[PDB]
Amino acid sequence: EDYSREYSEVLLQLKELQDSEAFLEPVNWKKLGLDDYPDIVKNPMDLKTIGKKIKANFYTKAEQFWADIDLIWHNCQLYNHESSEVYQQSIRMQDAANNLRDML
Amino acid sequence: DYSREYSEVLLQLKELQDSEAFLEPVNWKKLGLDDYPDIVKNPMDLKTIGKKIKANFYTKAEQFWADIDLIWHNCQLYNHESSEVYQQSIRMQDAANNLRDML
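Here you go:
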């Protein structure tokens, strides 16, 4: 109970960050016309999906939660060029996520 | 350590969507709002809190969080509930309170 509520509160903190928009929901690559997205990104992840995993008790150690958080930023930095805005957004989200992990 | 925790809290709050109005002291003269100090008698903002962290003014966490609360209180006391800044301060307050509960 305590850990789950905590993970859910971490997600709220991340959602309300200035750069969170691109990471809120699964990438709908078909809608975006990005057919290669699933070829390059083998393990898609996003904040909404993490929330569903919390509700289903998929994180029985905190490191499993943080691995999925890290995976979101990894996917973005793998797929997109460093100079792109979404890449830069993911760097700022990653730094903020790491500050939260250090605090908690 | 506790000082470092407080600094890390401010890092999180500064990067929230609605943080911009709260980053620096209200310069009411620059804004033309002569009545601000007649209404807000104890100004506070995130940069000032940061200076207080550095100067060791928070001997207990409740003192830090009281100054955080004061930011949102001032905004809500001064501004109409229908104003955008008031609404911003409510979102900041809810995020801050949840963060405190996590620590």
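For the protein sequence lines, the chains are A and B, in the order given.
So the first sequence is numbered by the working numbering: it starts at 1 and just counts up by one.
So the second sequence is numbered by the working numbering: it starts at 1001 and just counts up by one.
For each residue, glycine too, the CB sits at the ideal point set by N, CA and C.
Partner residues on chain B for residue i, Cβ-Cβ distance less than 7 Å
i                  : result
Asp-102 of chain A : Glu-1008
CB contact below 7 Å: residue i versus chain B
i                 : result
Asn-98 of chain A : no
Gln-18 of chain A : yes
Selection from the options that minimises the alpha carbon distance to residue i
i                   : options                                        : result
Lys-48 of chain A   : A:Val-27, A:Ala-67, A:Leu-34, A:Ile-91         : A:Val-27
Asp-1045 of chain B : B:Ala-1066, B:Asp-1038, B:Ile-1039             : B:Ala-1066
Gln-64 of chain A   : A:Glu-25, A:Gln-13, A:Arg-101, A:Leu-24        : A:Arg-101
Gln-1076 of chain B : B:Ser-1003, B:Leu-1016, B:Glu-1015, B:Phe-1022 : B:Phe-1022
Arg-92 of chain A   : A:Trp-73, A:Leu-104, A:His-81                  : A:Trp-73
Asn-43 of chain A   : A:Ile-69, A:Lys-15, A:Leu-32                   : A:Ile-69
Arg-5 of chain A    : A:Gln-89, A:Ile-54, A:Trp-29                   : A:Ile-54
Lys-52 of chain A   : A:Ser-8, A:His-81, A:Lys-31                    : A:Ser-8
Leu-1011 of chain B : B:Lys-1029, B:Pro-1037, B:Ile-1049, B:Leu-1033 : B:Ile-1049
Within chain B, partners of residue i - CB distance below 9 Å
i                 : result
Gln-13 of chain A : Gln-1012, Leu-1016, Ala-1095, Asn-1098, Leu-1099, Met-1102
Contact set between residue i and chain A, taken where Cβ atoms lie within less than 7 Å
i                   : result
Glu-1005 of chain B : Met-103
Residue i, buried or exposed, once every other Cβ within 10 Å from all chains shown has been counted against 16
i                   : result
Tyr-1002 of chain B : exposed
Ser-1083 of chain B : exposed
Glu-1015 of chain B : buried
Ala-56 of chain A   : exposed
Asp-1035 of chain B : exposed
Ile-1039 of chain B : exposed
Completely contained alpha helix (DSSP H) runs for the segment 10 to 44 of chain A, where each covers 4 or more residues:
29 to 32, 37 to 40
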